[PDB]
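Alright, here's a single protein chain in two forms, structure 1 and structure 2, each given by itself as structure tokens.
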Structure 1
């Protein structure tokens, strides 16, 4: 369809052929998942999505620098608490989060790229994605990894700049974008379903606060207090010059994805900003909302004939590398952390067969989960990822932090607090997945107690309550560096300048 022209397929085939050739010859920070989620949330809600990454850095480096002299992830818990129950439970959370926020989302972004590059169904898309993933893995893709990773991040970002200009040239430049966006919505706001009826203007017009990082703290998409605190909590679970470069590349996404995500809504309002349920289905595959098509739609309908194929190939290659790496990590974790514990005999070949069968099992589970991903948190990938992280990680972060700071905590108390935090998190994961989330068009029947609060304020609540549980149970039961610092503060100043500019 979009790439039906010979040139796009030629570049895609050439790129994949070179990737496989290097993989045979053997014998990063940003993937396609973020390139999809950030752009989708930028199209849907404005630019407060970029209020995550920048904030994350201003926390990460702080907790990367203000914790080093005092602390010097799971391995620390292993030394501090000992035993094996906490090891097994942390491995279980790691596997579940890999399935939910690293595997399901990676395949979903893959199906949201092949869907808008060819038009295939979600399953027809992930089937091809996983077939090519298997080809990549069986050809020694992981054997190269770091070898052919830098080059990827030297094009996927670089090419993402080529799109940036191509996106910013079709909106009359940077100044032009900031007038067009507020005045860009759908022309189809009438639904044939009698129950839906006419669609209100609140959730088909772009938000009034689409240009401010600090949204309303009570009625905002990304409340600033929730933003700050929830992100500093979640970032705990998810050399120094490496961190400085990571921050440099972490500042850009606002200009590279979020804003070109904002451009999608104004070049393609009917598709990216669809509000009518059945209209989204014919566009997307789901009737909850489809900003997630923001970046892939922009890539396929904006990039030239020859560079669109290159962008698709690079996105798919990075997604393939991420998926293969996470499959390998999950298999290794399962067959060296949990299954081995269940079977101490340590069979010569069982530890490998069980790894491959686990790989197949998680592939199946994530394929079954894909429908939930495509219709999670109003159809926004970034919101779903951060919601799952807010539901699962904050308890682990609380246990880690109170272990680092408080020496009166107990391993048994730590484990009980961790199970309490997981149970608390499943009181919003399960109910806000089985009952759905829904957009303003079709609000879900979820009780106001559960879905009323933003997932970041739930991160705050769950972190604090999990910490309190851990502490009470533990008590109750039983008894050139100068140059690096200068560059770090320069980067921090630049980041706060960017925050103030878009505050």
Structure 2
């Protein structure tokens, strides 16, 4: 409906032709900048656009801390976790845990858990975001949009558009950043510039605030007005929607799982030619992670300014007519800005950019999940599996998880307040912190053994489920309709719960490990951070040596370290600037 003009159809078709042509033409080596671009492209998908813009429209600046916190955890990956992964000679994170602790249950459990996390927070989220973009562009329902997105994804995979070339994610990162820059320029032009956004945001509210539902009736000002601390990154510890202690500590835990314990990102970073290239790509990715504040969040705030009756709908029936979700319609923030603000031709370009972000993230996720199932689940049951059956099983597993994610999609649309990023980060905060705790204790506390690790993972799963299940079962509330969560189980912010779950999992891990037999030191050479440069042979629980070498020349190591310090100082300045 909105891309029905010849210019939009032409630009979309040109992008599809280029993608199909490059995919059909396809018929440890990466240097630092491909590594950084790959990390950024794998991380940033259409879910990031939808969620960051929606939370910026709904709440303001603080959501940028979800991307700005990633600089420090990417430096953790480059300087603490990547060395250990490279010296351990691992291809999957469950494989590292298998080397570190032994046994076969931690690897299997972590594979299954990671696949569930990909279905929940990664695949279904991206499918939902693409469907929302198709809804705004074509005026379709959510299910026609999902079917269309599945069809185009099937075309992408059949034509081979998800194949990984040497500089594919570099081009994807360039296209994402260029499209986001064009839309950011148009959006800032609409509001009268950078200062126009901050002039206008706090006054932008919908004029439709009375509901015909007698239970709702007059909706309070607190529910439709922009938050008073909308321009502040650091918000109140108990009343803030993103309290600063939770945004700085629990978000560090969740981001640490995301960047240092997760196959999607680590599989990209482990392709670096050297450790200096991995560290420099970490610096580049961290610098690129400062961009979603101005390319996603502030455009979402501008979207609230421009379309307050749609993006900031408060009345449940008005919201149901706007986006189909009665609890809020902020997810259409970036979609609407693409279709209502971009002119003919550039609107199709922005749709192509969103599809490119979606497809780069999906390529990373599909590769990682197929690898996980193939090497950590399937090959355990079929050790004699040939390459052909492994490849076929991987493709079929990818198809299976895509179907399962589409099945899960109703939960994703039932995000709390109708905010996708809240759903992503809450599920991450309920399921990830046990993995963060176990990976940290594995890397840095050699006394932790297989018993402590596995039972910390299981106990963390139990304690995080005692939060996840009531959160979903009680339904999706909003400010207008708050839902019947007991408010001791859901009143606490999910990043505070990430802190609590991380510390409870670490405590259970340490306590079970200290009550059982320790792992002898000879089994932990080059597996713990304490023994990266250990040259002894280890009892596992030429070319390979060059694969497992993390010795870097002092000059470029010093240059990379100084650039990491400079990037941290720039990030700290930005944190203070918007504090």
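Each form is matched to the other, and the largest set of C-alpha atoms that superpose within 1.5 Å is called the rigid core. Positions refer to the first chain, counted from 1.
Core-based superposition between the two structures shows that, of 419, 404, 245, 188, only 404 has its Cα displaced by 2 Å or more. When two forms of a protein are overlaid on their rigid core, residues whose CA moves 2 Å or more are considered shifted, and residue 210 is not one of them between the two structures. Once both forms are fitted on their rigid core, the CA atom of residue 389 lies less than 2 Å apart between the two structures. Comparing the forms between the two structures, the C-alpha position of residue 345 differs by 2 angstroms or more, with the core used for superposition. Once the rigid core is matched between the two structures, the CA atom of residue 60 is found 3.2 Å away. The two forms line up on their rigid core, and residue 275 then has its Cα shifted by 0.5 Å between the two structures. A C-alpha shift of 1.8 Å is found for residue 371 between the two structures, based on superposition of the rigid core.
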